[PDB]
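Please read the structure below before turning to the comments.
Number of protein chains: 2
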Amino acid sequence: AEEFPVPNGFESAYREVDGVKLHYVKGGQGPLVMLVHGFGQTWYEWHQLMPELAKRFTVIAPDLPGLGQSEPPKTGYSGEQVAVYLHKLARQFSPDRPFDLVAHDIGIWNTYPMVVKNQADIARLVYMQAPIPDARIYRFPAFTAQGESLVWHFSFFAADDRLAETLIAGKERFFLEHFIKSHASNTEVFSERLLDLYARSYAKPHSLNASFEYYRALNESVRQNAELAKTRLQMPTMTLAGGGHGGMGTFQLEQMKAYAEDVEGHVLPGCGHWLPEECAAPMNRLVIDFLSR
Amino acid sequence: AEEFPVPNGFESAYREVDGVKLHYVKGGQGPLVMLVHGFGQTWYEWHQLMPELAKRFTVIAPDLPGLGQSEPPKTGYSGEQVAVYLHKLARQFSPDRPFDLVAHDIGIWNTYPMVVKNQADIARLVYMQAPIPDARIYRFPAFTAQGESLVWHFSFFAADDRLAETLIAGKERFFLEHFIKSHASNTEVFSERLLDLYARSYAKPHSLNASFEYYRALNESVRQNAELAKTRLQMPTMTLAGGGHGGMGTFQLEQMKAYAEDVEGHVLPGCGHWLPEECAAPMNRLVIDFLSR
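Those protein sequences? They're chains C and D, same order as listed. For the first sequence, the entry's author numbering gives the first residue as 25, with consecutive numbering after it. For the second sequence, the entry's author numbering gives the first residue as 25, with consecutive numbering after it.
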């Protein structure tokens, strides 16, 4: 039973890591690239990029703990805790060579600690569309004069009393369409069919709760990263951000310059938060070219 | 039937203003003081202050258009539109003399335009616990190192797709208790019964919608006030703010100094946003004494 259709030539499988059963989709041959999805989505956001990368890489796309078809974490949802699971998963398939990493949104939060703590294991790194958790996140506005505040949902999702889960239960499909489209420039790619698929996955009660536990751990992740960031990343890095409605704009690269020695950045015009779907052709080209150097 | 218990010696009544049926509670004798409530509440937040004020003043506490037992506005929910209704209601009862004005939270938004445009009609002014809509509101953070921020709700309530009505319907009591307690220093003053009374009022479908339409008009109110603020306020003014969790702290007075030539302010320690309930006795004392000079 699969929540999303697997591309031709790929397999849906599971690996137990530190007592947690992680779901992933895998295909291809060659050095390993791990693609890590974000909030509201699953491995499936990568399904157009995966067959292209599989022509020269082994490609693995896991579901984050608690999301998609992956069990919730047993330790916790802070970035350092979740990163252990993802690092060990990748090293099962690449135990003796560094691997590449591509991450979107909270995929960044959930991988940055294992990148900085295991730099020799990461050949090349691509981060898109979310801040690394640090004190910069406290400077984003609650309310804007034009457009909409990008990250007021941080407070909504992190609020006590299970506020978000209690309000959104029974309205998951409605909420997700609003959240996705309100963070998009090219909204037309989010067909009702595609939104149905994503909503069915995150409406599983444990997945709805898991979604917001990542935000309830955000301040802990900030505190973790304040110590970790005393060592800059040394491997080649690329940032991508949308330049349209919902995009991080220049923030993505400007923040990454404080974390990485070797960073190139791109802002994609007419594209919001959901780069793999809103702007597949330019995003896939940028990622394939950067990893193929 | 009344949504809230009327104090002895007071009358619950209605007046048509520009085709809109406004509810109010009125008592006392002497010059007029109008008390204007805010979001999540109704005239009833003033019910402890009203009998004390009525010893020296005629006191009127209206329900904002669309809230409590008042009909929704027929023009709109921007500050300049709503202020017309409240100004004309006050002038029905005080046609020959200036009146005093006390306002809390969005009661400020809904009165500032008629104060600045009809200064000879306003004897003394008391504002508590919310910014006047202007560019300062764009500086409040979306998220804090302690968790959810003070005014992320501005964006939640202003969002389209009837986001707030759709998520809060069926959970109106749950949401309002969370909203009140997250903006309170002293949660003990809110009995389960008081929360039930407020929740059943704003759960009326047109009142749930009206609540958030004030926020959907907030940026329009900011733009209106950019022009209105070219004229400073000349009447004696007092600001009050909570010094505890949920309070505006020094912001209330510091902002008001930009609007008013003659202003005094107080910050109440141990109190958050809900001053008439969290800190009834000192709030009542400061208002009575300021108006009785």
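C-beta: ideal position from N, C-alpha, C; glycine also.
Check whether chain D comes within 7 Å of residue 142 of chain C, counting only Cβ atoms and requiring the distance to be less than that. Mapped onto the first sequence, residue 142 of chain C falls at position 118. Chain D contact via Cβ: absent.
Rounded straight-line distance, which links the Cα of residue 90 of chain D to that of residue 142 of chain D: Sequence index remark: in the second sequence, residue 142 of chain D carries index 118 (1-based). Sequence index remark: in the second sequence, residue 90 of chain D carries index 66 (1-based). Between residue 142 of chain D and residue 90 of chain D, the C-alpha separation is close to 24 Å.
Buried or exposed for residue 153 of chain C, please, with buried defined as at least 16 other CB atoms from any protein chain shown within 10 angstroms of its CB. As a position in the first sequence, residue 153 of chain C is number 129, starting the count at 1. Buried, since its Cβ has 16 or more Cβ neighbours within 10 Å.
Straight-line gap, residue 227 of chain D to residue 102 of chain C (C-alpha atoms, nearest Å): Taking the first residue of the second sequence as 1, we reach residue 227 of chain D at position 203. Taking the first residue of the first sequence as 1, we reach residue 102 of chain C at position 78. Residue 227 of chain D and residue 102 of chain C: Cα-Cα distance of roughly 37 Å.
Give me the Cα-Cα distance between residue 62 of chain C and residue 29 of chain C, rounded to the nearest whole angstrom. For the purposes of this step, residue 62 of chain C is taken as residue 38 along the first sequence, with counting starting at 1. For the purposes of this step, residue 29 of chain C is taken as residue 5 along the first sequence, with counting starting at 1. Rounded to whole angstroms, residue 62 of chain C to residue 29 of chain C spans 18 Å at the Cα level.
Drop a sphere of 10 angstroms on the beta-carbon of residue 263 of chain C, count the other beta-carbons inside from all chains shown, and report buried for 16 or more, exposed for fewer. Within the first sequence, residue 263 of chain C is the residue found at index 239, counting from 1. Result: buried.
How would you list, in chain order, the residues of chain C whose beta-carbon sits under 9 Å from the beta-carbon of residue 202 of chain D? Here residue 202 of chain D is taken as the residue at index 178 of the second sequence, counted from 1. Neighbours of residue 202 of chain D on chain C, chain order: 183, 184, 185, 187, 190.
Buried or exposed by the 16-neighbour rule on C-beta atoms within 10 Å, applied to residue 116 of chain C: Position 92 of the first sequence, counted from the start, is the residue given in the question as residue 116 of chain C. Exposed, because fewer than 16 other Cβ atoms sit within 10 Å of the Cβ of residue 116 of chain C.
Enumerate in chain order the residues of its own chain whose CB-to-CB distance from residue 252 of chain D is below 8 Å, with the five nearest sequence positions on each side excluded. Locating residue 252 of chain D in the second sequence gives position 228, counting from the first residue. 104, 136, 137, 140, 141, listed in sequence order.
Which residues in chain D have a C-beta closer than 8 Å to the C-beta of residue 165 of chain C? List them in chain order. Position 141 of the first sequence, counted from the start, is the residue given in the question as residue 165 of chain C. Those within 8 Å of residue 165 of chain C in chain D are 162, 163, 164, 165, 166.
Are the stretch 70-80 of chain C and the stretch 35-44 of chain C touching by the rule of at least three beta carbon pairs closer than 8 Å? no
Exposure label - residue 276 of chain D; buried when at least 16 CB within 10 Å: Taking the first residue of the second sequence as 1, we reach residue 276 of chain D at position 252. With 16 or more other Cβ atoms within 10 Å, it is buried.
Uninterrupted beta strand (DSSP E) stretches inside the stretch 95-154 of chain D (no shorter than 3 residues): 123-128, 146-152
Does any residue of chain C bring its CB to less than 7 Å from the CB of residue 296 of chain D? Counting from 1 along the second sequence, the entry for residue 296 of chain D is found at position 272. No - not a single Cβ of chain C is within 7 Å of the one on residue 296 of chain D.
Taking 7 Å as the threshold (beta carbon to beta carbon), is residue 214 of chain C in contact with chain D? Within the first sequence, numbered from 1, the residue matching residue 214 of chain C stands at position 190. Taking Cβ atoms only, chain D never reaches closer than 7 Å to residue 214 of chain C, which makes this a no.
What does the Cβ neighbour count give for residue 25 of chain D, buried or exposed, with the cut at 16 atoms within 10 Å? By 1-based counting over the second sequence, the position of residue 25 of chain D is 1. The residue is exposed, with fewer than 16 neighbouring Cβ atoms inside 10 Å.
Out of curiosity, what's the CA-to-CA distance linking residue 201 of chain D and residue 180 of chain C? Position 177 of the second sequence, counted from the start, is the residue given in the question as residue 201 of chain D. Position 156 of the first sequence, counted from the start, is the residue given in the question as residue 180 of chain C. If you take the alpha carbons of residue 201 of chain D and residue 180 of chain C, they lie about 15 Å apart.
Pair within 7 Å by beta-carbon distance, residue 213 of chain D and residue 301 of chain D: Within the second sequence, numbered from 1, the residue matching residue 213 of chain D stands at position 189. Within the second sequence, numbered from 1, the residue matching residue 301 of chain D stands at position 277. In contact: residue 213 of chain D and residue 301 of chain D (Cβ atoms closer than 7 Å).
Can you check DSSP and say which residues form a bridge with residue 398 of chain D? Past the boundaries of the shown model lies residue 398 of chain D; chain D is included only from 25 to 317, so the question cannot be answered.
Answer with yes or no whether the minimum CB distance from residue 241 of chain D to chain C is below 7 Å. On the second sequence, position 217 is the one that residue 241 of chain D refers to. Residue 241 of chain D does not count as touching chain C.
Should residue 309 of chain D be labelled buried (16 or more other beta-carbon atoms within 10 Å of its own) or exposed? Counting from 1 along the second sequence, the entry for residue 309 of chain D is found at position 285. Answer is exposed; the Cβ neighbour count stays below 16.
Leaving out the 5 sequence neighbours to the left and right, which residues in its chain are closer than 6 Å to residue 241 of chain D when beta-carbon positions are compared? The residue labelled residue 241 of chain D in the question sits at position 217 within the second sequence. Contacts found: 101, 102.
Closer than 6 Å: residue 102 of chain D CB and nearest the ligand MG heavy atom: With respect to small molecules bound, the structure shown includes none, and the ligand MG cannot be examined in it.
Closer than 7 Å by beta-carbon distance: list the chain C residues that pair up with residue 176 of chain D, in chain order. Taking the second sequence and counting its residues from 1, one reaches residue 176 of chain D at position 152. 166, 176, 179, 180, listed in chain order.
Count the other CB atoms, across all protein chains shown, that sit within 10 Å of the CB of residue 273 of chain D; report buried if there are 16 or more and exposed otherwise. Working through the second sequence from its first residue, we reach residue 273 of chain D at position 249. When all chains shown are included, residue 273 of chain D counts as exposed.
Could you work out which residue in D:289, D:185, D:254 is closest to residue 283 of chain D when comparing CA atoms only? Position 259 of the second sequence holds residue 283 of chain D. Selected option, being the one with the closest Cα: D:254.
Through-space distance from residue 177 of chain C to residue 187 of chain C, alpha-carbon basis: Position 163 of the first sequence, counted from the start, is the residue given in the question as residue 187 of chain C. Position 153 of the first sequence, counted from the start, is the residue given in the question as residue 177 of chain C. When rounded, the distance between both Cα atoms is 12 Å.
Could you name the residues of the same chain whose beta carbon sits closer than 7 Å to that of residue 80 of chain D, not counting the 5 residues immediately before and after it, in chain order? The sequence position of residue 80 of chain D within the second sequence is 56, counting from 1. Result list for residue 80 of chain D: 54, 316, in chain order.
Using the Cβ count rule (16 or more neighbours within 10 Å means buried), how would you classify residue 248 of chain D? By one-based count along the second sequence, residue 248 of chain D stands at place 224. Buried, because 16 or more other Cβ atoms sit within 10 Å of the Cβ of residue 248 of chain D.
In angstroms with no decimal places, state the Cα-to-Cα distance between residue 48 of chain C and residue 207 of chain D. Indexing the first sequence from 1 puts residue 48 of chain C at position 24. Indexing the second sequence from 1 puts residue 207 of chain D at position 183. Straight-line Cα distance between these residues: approximately 42 Å.
Rounded to a whole number of angstroms, what is the C-alpha to C-alpha distance between residue 149 of chain D and residue 57 of chain D? Counting from one through the second sequence, the residue named residue 149 of chain D turns up at place 125. Counting from one through the second sequence, the residue named residue 57 of chain D turns up at place 33. Spanning the two alpha carbons is a distance of roughly 10 Å.
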